[PDB]
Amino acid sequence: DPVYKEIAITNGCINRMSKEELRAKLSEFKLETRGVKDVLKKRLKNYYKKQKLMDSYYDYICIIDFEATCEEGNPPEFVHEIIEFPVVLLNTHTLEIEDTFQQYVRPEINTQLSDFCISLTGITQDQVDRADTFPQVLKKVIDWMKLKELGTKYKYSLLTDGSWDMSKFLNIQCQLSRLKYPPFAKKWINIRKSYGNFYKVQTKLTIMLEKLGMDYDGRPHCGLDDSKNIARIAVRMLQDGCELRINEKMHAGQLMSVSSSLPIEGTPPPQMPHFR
């Protein structure tokens, strides 16, 4: 289409603008003016593309950020057990956090939280001592998603800041609890991978917010708060015109990338996995 020709040209034109020039046009068009040079270049390019060009998309996105038992020094051969299971429901149309779920989990092996863990996450020994076991919390999480009608009435996907919440934490937690890894959790959106490709900028939640001109809100390493801050990042990216896509999956208990070359992946409705 000839209109793309016109876009590629403006793109190059925007590629040569300085930060102030960029900051100027965006202001002029009354758009978000915060963020590093790359964020702005991208923000401005999509404005045009969008303008010069005038769903199959997810209705909701579940942001999940686990906290787990840990130890000082962060050793590689550590057996982590999930202690906080949060979920933040993001309405892609409304672009707002519709609802949230939070529960602490009592670990079966590392029953006693180290001091490092307690100070890092802010989760106390009493909170965990009186919490439920992973399978029980997983049941409650699944019942909560079912009440939201995810997978049935609504098209949705899981989203995480990285690939370890799914590929590592939930993965070994399932092994420890002796249950089969949940099929609804085999594919997901790794917001970091997206963020890097979209804006062209390591990746810490704290760094992604910064390069966006955003301030963190809540207690760091509180599962729910990070999740809520990750949702602020997803909202902003959707608003900057990024089409977040399931980009990673679990196959044979091994992390694999999902091709951006395939139709929008719809996640199955949640179902409590079986033991064994």
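Residue numbers run from 1 along the displayed sequence.
Peer 1: Would you mind checking whether any residues of the deposited sequence sit unmodelled between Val201 and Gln202, and how many (none, 1 to 3, 4 to 9, 10 or more)?
Peer 2: 1 to 3 residues are missing.
Peer 1: Tell me which stretch, 158 to 166 or 104 to 112, has the higher mean Cα B-factor listed in the entry.
Peer 2: Mean B over CA atoms: larger for 104 to 112.
Peer 1: Taking the recorded C-alpha temperature factors, which stretch has the higher mean, 66 to 74 or 225 to 233?
Peer 2: The deposited B-factors put 66 to 74 ahead on the C-alpha mean.
Peer 1: Looking at the C-alpha B-factor values in the deposited entry, which of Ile246, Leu26, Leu212, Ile61 comes out highest?
Peer 2: Highest C-alpha B-factor among the listed options: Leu26.
Peer 1: Give the position of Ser119 by CA B-factor within its chain, expressed as the lowest, middle or highest third.
Peer 2: For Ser119, the deposited C-alpha B-factor lands in the highest third.
Peer 1: Is the Cα B-factor recorded for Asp143 in the lowest, middle or highest third of its chain?
Peer 2: Bottom third by C-alpha B-factor.
Peer 1: Taking the C-alpha B-factors as the PDB entry records them, is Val39 in the lowest, middle or highest third of its chain?
Peer 2: According to the entry, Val39 has a C-alpha B-factor in the chain's lowest third.
Peer 1: Taking the values exactly as deposited, rank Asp129 by C-alpha B-factor within its chain and report the matching third: lowest, middle or highest.
Peer 2: Middle third of the chain for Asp129's C-alpha B-factor.
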